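As a basis for the values below, the full set of heavy atoms in this structure was taken, side chains included, without hydrogen atoms, waters or symmetry mates. Order of appearance sets the numbers: ligands from 1, and atoms from 1 within every ligand. Throughout, a chain's letter reflects where its sequence line sits, starting with A, and its residues are numbered from 1.
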Protein chains: 2
Amino acid sequence: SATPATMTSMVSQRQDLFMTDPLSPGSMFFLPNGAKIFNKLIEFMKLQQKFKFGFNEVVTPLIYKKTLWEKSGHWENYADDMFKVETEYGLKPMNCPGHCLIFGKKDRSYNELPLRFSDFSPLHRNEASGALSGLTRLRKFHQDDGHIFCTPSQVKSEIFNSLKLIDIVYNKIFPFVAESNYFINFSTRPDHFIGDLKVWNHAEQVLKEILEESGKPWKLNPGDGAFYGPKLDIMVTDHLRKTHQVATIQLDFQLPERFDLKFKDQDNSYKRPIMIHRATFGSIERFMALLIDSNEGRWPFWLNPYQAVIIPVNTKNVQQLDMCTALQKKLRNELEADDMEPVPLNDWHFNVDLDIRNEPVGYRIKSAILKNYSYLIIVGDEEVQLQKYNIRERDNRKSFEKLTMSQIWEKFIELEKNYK
Amino acid sequence: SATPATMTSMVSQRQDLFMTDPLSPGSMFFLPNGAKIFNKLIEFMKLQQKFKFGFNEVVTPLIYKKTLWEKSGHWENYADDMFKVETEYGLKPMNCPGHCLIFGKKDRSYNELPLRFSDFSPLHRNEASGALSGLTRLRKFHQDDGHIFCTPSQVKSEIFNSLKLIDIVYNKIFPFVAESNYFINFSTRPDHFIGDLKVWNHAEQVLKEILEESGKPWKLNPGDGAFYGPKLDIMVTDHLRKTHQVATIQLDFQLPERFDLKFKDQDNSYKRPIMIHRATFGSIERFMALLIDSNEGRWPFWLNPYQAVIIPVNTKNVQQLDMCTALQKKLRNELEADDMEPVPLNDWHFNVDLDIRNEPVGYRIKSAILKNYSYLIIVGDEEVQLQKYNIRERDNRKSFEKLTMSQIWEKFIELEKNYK
Ligand SMILES: C[C@@H](O)[C@H](N)C(=O)NS(=O)(=O)OC[C@H]1O[C@@H](n2cnc3c(N)ncnc32)[C@H](O)[C@@H]1O
Ligand SMILES: C[C@@H](O)[C@H](N)C(=O)NS(=O)(=O)OC[C@H]1O[C@@H](n2cnc3c(N)ncnc32)[C@H](O)[C@@H]1O
Ligand SMILES: [Zn+2]
Ligand SMILES: [Zn+2]
C-alpha cells in the first residue's frame, strides 16, 4: 500500500540515507550514505556540463538586498514564498538575478555567445508546510541550474542541446518505471507576467516551433509559464501515475531587459541577449526521490553507497580473513594517516564493506541483500585455495564468476567509468 | 605599495577570478576561473578527508529554528553576528549544532568512535562592514568543516591526525612566504563560556599536553577560546607580517552536554562523547587569499585555471594551426554535444587555451605571461616538421623541451596527479 514518499522513507531507513528534524522543517539532512549519492549525481552532471555541453561553473551569494529582487521582479511575484533576511534581504529561491549581475559586469562581445553559466547553489522556498513531501517538495534544495545568454539565431540549437542532455539523463543513463521516460508540458503565459504581450507571443511561437521540430510528445499547459517567460516542463510519472516536474527549459526575453543587458554585435550595434534558464535533474533532491520511486533502493553500481560486501564463510578462519581484507584494502584504496603521502587526484575508490560479525554466514548474506549491495563477494576454503573470489551481482544472484583481486578491480573500474 | 587585499584584487582582475556587487555586500562572486580554483581545493580536501583521514561527508540545512541556537548556546553568544530569517530562524554561522542532531538521531556504540563528519556548507556571519576585506573576511564563506566524536583516550590521537593534515597543507602541498609556515595560538577560556570551570581547566590541560608533545612552537592567546571550548588556532603570516587564523582545532566537552549526547561504552554504560571541531583551510576563501598573497597569481599547475597556452608562430599557417588544434583537443579532452556519449568519470581534462588572435607572436606571448599560464607551448615550422611542440614552464622560461602530443598528455597527468 506504499506511496512514493513512503518508499523514500523505507529505503532511507534501510540504507541510512537521510533524516529530518523539526528544528528545520523542510530541510533535509543527508547522512553519509545519502550524501554519497547526492555528490555522485553532482559529479556526473558537472562532467557533462563542463566537458560536453559548454558550461562554466560559477559560485554566487545566497542573499541579496531587497532591491535586486525588485529589479528582477521576484519581490512582487514571489515574496510570500521568499525567506527574508534581517540584520532588507532576500534568501534566494533562484540563481538567475545573480547571473544577470555577472553578465553585466563586463563588456560582452557576440564572440563569447552563447555564454553558459552553471550553478549548484542551495535554494530556499517558503513552501507551505502542507505541501512538504519527502524529497520531492522541500524548503531547501539544490538545482543543477544553468543560464544561457545567446542571440536570436542561437536559441534553437541551444534548446536542442539542453534536450540532448535531458535524454542522456532520462532516456539513457537512468532507468525509470510512451517510449520516453517523460513528456513535455508547454507552459504558457501566466496571469502575472512582466514585459509586453507581443514579445510574449513571439517567445511562445519560438518554443512551439522547437517543440514541433523535436518530434517529442507534448501537452499544452496554460498559465503555468514562469513570470519572465514560457517554458518546456519535463514531466516524469511515478508508479502511482502522478506527474512530477523535473528538468525545465525557460525562454526569457524579459530579465535581460530589466537588467539592461547588452552585448556588442557583429556590426558594433549593442543588442539585448536572450536568456534561457535550464535544469536537468530539476533539483538533486527531487530527482533522487524519483530514482528511488523506480529502483526501490536497487542503485546501479556507480551510484550505490553499498557497492560490494565481502563475506568470509568462517569469520575465525585466518586464511579467509586475510583474503577478504586484502580485497577490501585494494578496492577501497585508502592511505594511512601516519605518513605525509596525500591521496592523489583521479584515483578509484569503491564502497566495499566486510561483514565479519559473529553471525551465521546465512544471515550475514541475508543482511547484505536487505541493504541492496550491488555485489556479494564470498570467500570459503576453496576460494582461498584458488586465490579467486566468488562474486555475484545483486539482480542476477543465480550466475556468478570466480575472479582474482586484480580482475575485480578492473571490473569495478569499467562499471563506474561508464555508469553501469 | 600593495597590501594583501590589493594583491587579491590585482590578480582577480588579471585572471577574471572574482567580483563583488553592493547588492550583496560581503558575499563573493566566483567567476568561472575563480570557481575552478575553489572547486579544485575542495576536491583535494575531500580526497584527503574521505580516503586518508576517516571522514564521512554530510549535507545539512542552512537555517534552523531559534530553539536550536538557544539549545546550543549560540543565540546568546553570537546573535548580533547572526542573520535572522523570517517567514524565529537563524541562518547558520556554524555547522556544529546540526552535527549534534545527527549524532543524537541514532543509538551510538563505542564501536563507531571516533565518528567523523565533514561538511562544506556555506556559512554566514554578520560581520561589521568595516571589517570586510577581500577574501579574508566575508559575510559568506565555506569552511572545510569537520566534527569528531570520540572517547577521552582517543582525543590525543585524533588531534595529532588533524595536525598531520594541517602539515600536508601548510608544510608540503602549498608553498607560502620558523621552518613551519605557521605557528599555533593556544586560545583559552573567554569571558563568556558555557559549562563548569573544572571541565574547562581539564580541557585546557589536555590541549597544552598535546601541544607540548607535538613539539611545535605555540603562543599563549588568553581569552580567545570558543565559547564552548579552548582551541589551537593555526596562524599564518602574510607578507606585511600580519597574522591570519586559518586552520583551527577546538576541544569541546560542552556541546555534548547541552544536546544530551550519549554512546554505549564497552561496559554498557552510557557516556558523553567529547567533540573536536576542526578546519584545515579555515575557509576556502581566506585560504585562497593567503595563497594569492604568497604566489602573486603564479598558481601551481594542478590549481592553475590557466594551465597551458598554445601559440602558433603564424596564425594563418594551416600546418601550425592543425598541430595546435590537435593538441588543444587532446588536452581538453571534451566530447561533442551531438552524440549520446557521456563524459566518463575519472578522465583527465586540462585548462588549455589557443591564442590565434591576429596579433604579433611577440605580444600574444607577453599576454600569456601576464596571465601566468603554467606552460607556454609554441609551434613554428620546425615544430611541424618534427611533429614536436616547443614547451616551456612559466617560472623557468630559459630551459625547454620538445615533446610529442602524447608526452605532454602524460606530463600534465603526472603533474596534476601529485599536486605539482
Ligand atoms: C531553472 C531555473 O533557472 C529557474 N530559475 C527555476 O528556478 N525554474 S523552476 O522554478 O521550475 O525550478 C526548477 C526545478 O527545481 C525543482 N524544484 C522546484 N521547487 C522545488 C522544491 N520546493 N523542492 C524540491 N525541488 C524543487 C523542480 O524540479 C523544478 O523543475
Ligand atoms: C571549526 C568549526 O567547527 C567551528 N564551528 C568554527 O566555526 N570555528 S571558527 O569560528 O574559528 O571558524 C573557522 C575558520 O573559518 C574562517 N573564518 C571565520 N570567519 C570568517 C569570515 N568572516 N570570513 C572568512 N573566513 C572566516 C577562519 O579561518 C576560521 O579559522
Ligand atoms: Zn533561472
Ligand atoms: Zn564546530
Qualifying residue, where the test is ring pair (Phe, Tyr, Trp, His ring centres under 6.0 Å) with B:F38 and the options are B:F30, B:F281, B:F44: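 Of B:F30, B:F281, B:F44, ring pair (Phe, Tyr, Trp, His ring centres under 6.0 Å) with B:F38 is met by B:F30 alone.
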Quick one: table the atom pairs, ligand 2 N or O against protein N or O, below 3.5 Å, distance rounded to 0.1 Å.
unit_1	atom_1	unit_2	atom_2	d
ligand 2	3 (O)	B:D145	OD1	2.6
ligand 2	3 (O)	B:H147	NE2	3.2
ligand 2	5 (N)	B:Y228	OH	3.4
ligand 2	7 (O)	B:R125	NH2	2.9
ligand 2	7 (O)	B:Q143	NE2	2.9
ligand 2	8 (N)	B:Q250	OE1	2.8
ligand 2	10 (O)	B:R125	NH1	3.0
ligand 2	10 (O)	B:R125	NH2	3.1
ligand 2	11 (O)	B:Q245	NE2	3.2
ligand 2	12 (O)	B:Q143	NE2	3.0
ligand 2	15 (O)	B:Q143	NE2	3.4
ligand 2	22 (N)	B:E127	OE2	3.2
ligand 2	22 (N)	B:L138	O	2.8
ligand 2	23 (N)	B:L138	N	3.0
ligand 2	25 (N)	B:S283	OG	3.0
ligand 2	28 (O)	B:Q245	O	2.9
ligand 2	28 (O)	B:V246	O	3.3
ligand 2	30 (O)	B:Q245	NE2	3.2
ligand 2	30 (O)	B:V246	O	2.8

For [Y], is there any backbone N or O sitting under 3.5 Å from a side-chain donor or acceptor partner on [X]?
X      : Y      : value
A:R139 : A:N126 : no
B:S294 : B:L291 : no
B:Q48  : B:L165 : no
B:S187 : B:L232 : no

Under the side-chain hydrogen bond (donor to acceptor under 3.5 Å, both in side chains) rule, what do B:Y182 and B:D167 come out as? Steps first, then yes or no, please. CA-CA 9 Å; B:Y182 68 91; B:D167 282 330; 2.8 Å; yes
Evaluate A:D119 against A:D144 for side-chain contact (heavy atoms from CB on, under 4.5 Å), listing each step before the verdict. CA-CA 6 Å; A:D119 193 331; A:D144 54 326; over 6 Å; no
Any chance you could lay out the side-chain hydrogen bond (donor to acceptor under 3.5 Å, both in side chains) test for B:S24 and B:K140, step after step, and finish with the verdict? CA-CA 10 Å; B:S24 184; B:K140 183 215 160 202; over 6 Å; no
For the Zn ion (ligand 4), which protein N/O/S atoms are closer than 2.8 Å? B:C96 SG, B:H147 NE2, B:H277 ND1
Which distance, rounded to the nearest 0.5 Å, do you find between the CZ of A:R125 and the CE of A:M82? 10.0 Å
